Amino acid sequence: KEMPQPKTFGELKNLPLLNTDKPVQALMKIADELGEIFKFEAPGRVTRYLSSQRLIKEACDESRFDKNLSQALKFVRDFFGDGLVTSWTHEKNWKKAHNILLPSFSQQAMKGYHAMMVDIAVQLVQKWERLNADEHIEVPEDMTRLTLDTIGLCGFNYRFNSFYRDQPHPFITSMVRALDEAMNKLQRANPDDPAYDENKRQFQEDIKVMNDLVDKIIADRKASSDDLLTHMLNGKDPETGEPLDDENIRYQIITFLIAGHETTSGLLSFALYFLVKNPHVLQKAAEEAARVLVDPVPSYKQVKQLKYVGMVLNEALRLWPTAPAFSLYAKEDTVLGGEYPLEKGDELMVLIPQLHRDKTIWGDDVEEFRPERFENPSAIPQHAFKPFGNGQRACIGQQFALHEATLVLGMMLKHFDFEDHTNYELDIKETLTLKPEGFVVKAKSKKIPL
């Protein structure tokens, strides 16, 4: 069969469809209109967007498709380098770093992060305990303070001290502009117009901000642990017997500082959004939190008991996966779905939020927030739920993100009652990644000591 395609703009083909602040949301609306697969063309480029589990389960066959660097990741590569997220699977530094950093995410490593997660989580609970009557909380701003600080502390023993700042941390401000710039570049017909010279200068300034922080983290450790940074600096790949070089290490630090907090901040923001909009769900989560979290701070085993809270998070990831796309390329000529022939090298994009609204898998209520969908995870078919990517190139931090988010959300629900005092209208800001923008709540302390 011939694949559908959205409206075209003469010689710019589909490119002007990305001239929006919300490209993923626009792509979802295209997919709603066109179905499980469509072609998207730009001058000199083609990609195919997949939205059904039927086709995406094929794309996830690593004997047929490998991770591709999308245009997005190519642009992020300018500051992520050949770090884990932006390396090709065949590049020597992908498997080497993977092997070197994997032990940083064992169950024993996670047990050793727990105390540091608690330290930051207590700082968030205390900020909110200390607000006066009728003050409110800027949700994604505070989630970002927590998640950036958690990855800085757990991974690098470095204190961002985000909660000691009224504005976002300068590292964040530069990160958000660089990510914005990467997204904005997706739409540029003429990337080397002189009209973009100033964006290029800002982009370079933002990269310098990020990098001087990296230098500071490296300086501090050399001056001063058994954490991510220890492994980056000293660990050896069991295959080659080599450690990472200096250049790749700096890319890993930037990589992990960003991937290791931005998407988790989004997830916690979306989860709280859905909880305040679904009071019976919030009540059931609050009741588990109270039942499980019996000590003044949570223990590692207790965080593992928060099953319903785990489900809430997975359901937030189902509706709004915070890294909403990943890309694949055909390793050889092959036919997708028995209907769409692909040549070696052809690129696919998995549109995760659409996968996650596939009614053949989830039933007709796909827009409802129902954590009970995850009551028995066995029943979900393969490759239906992919907020953490696929196969050997799946998220290395998945358990880190979920443990942190489960810990923090468990504590929030134990310690406060929440009010959507503005009747907030969901507004999703895109910076490649997804977050609610302007989401505010009020939290009334239950006065449970901490």
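In case it trips you up, residue 1 is the first one in the sequence shown, and so on.
Visitor: Can you say how many deposited residues have no coordinates in the span between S224 and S225, choosing none, 1 to 3, 4 to 9, or 10 or more?
Guide: Missing residues, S224 to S225: 1 to 3.
Visitor: With reference to the PDB entry, specify whether the mean Cα temperature factor is higher for 292-300 or for 96-104.
Guide: Mean C-alpha B-factor is greater for 292-300.
Visitor: Comparing 163-171 with 150-158, which has the greater mean CA B-factor as deposited?
Guide: Per the PDB record, 163-171.
Visitor: Can you pull the Cα B-factors for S87, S265, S378, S327 from the entry and say which is highest?
Guide: Largest recorded C-alpha B-factor: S378.
Visitor: According to the Cα B-factor stored in this entry, which of the following is highest: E141, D358, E347, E135?
Guide: The record points to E135.
Visitor: Would you please rank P353 by its C-alpha temperature factor against the other modelled residues of its chain and give the third it falls in: lowest, middle or highest?
Guide: Bottom third by C-alpha B-factor.
Visitor: Among the modelled residues of this chain, does the Cα B factor of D237 put it in the lowest, middle or highest third?
Guide: Its C-alpha B-factor, which the entry lists for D237, ranks in the middle third among residues of this chain.
Visitor: Split into thirds by Cα B-factor across the chain's modelled residues, where does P387 land: lowest, middle or highest?
Guide: According to the entry, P387 has a C-alpha B-factor in the chain's lowest third.
Visitor: Sort the modelled residues of this chain by their C-alpha B factor and say whether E11 lands in the lowest, middle or highest third.
Guide: Highest third - that is where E11 ends up once the chain's C-alpha B-factors are sorted.
Visitor: Based on the deposited C-alpha B factors for this chain, I'd like to know if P279 is in the lowest, middle or highest third.
Guide: CA B-factor rank for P279: middle third.
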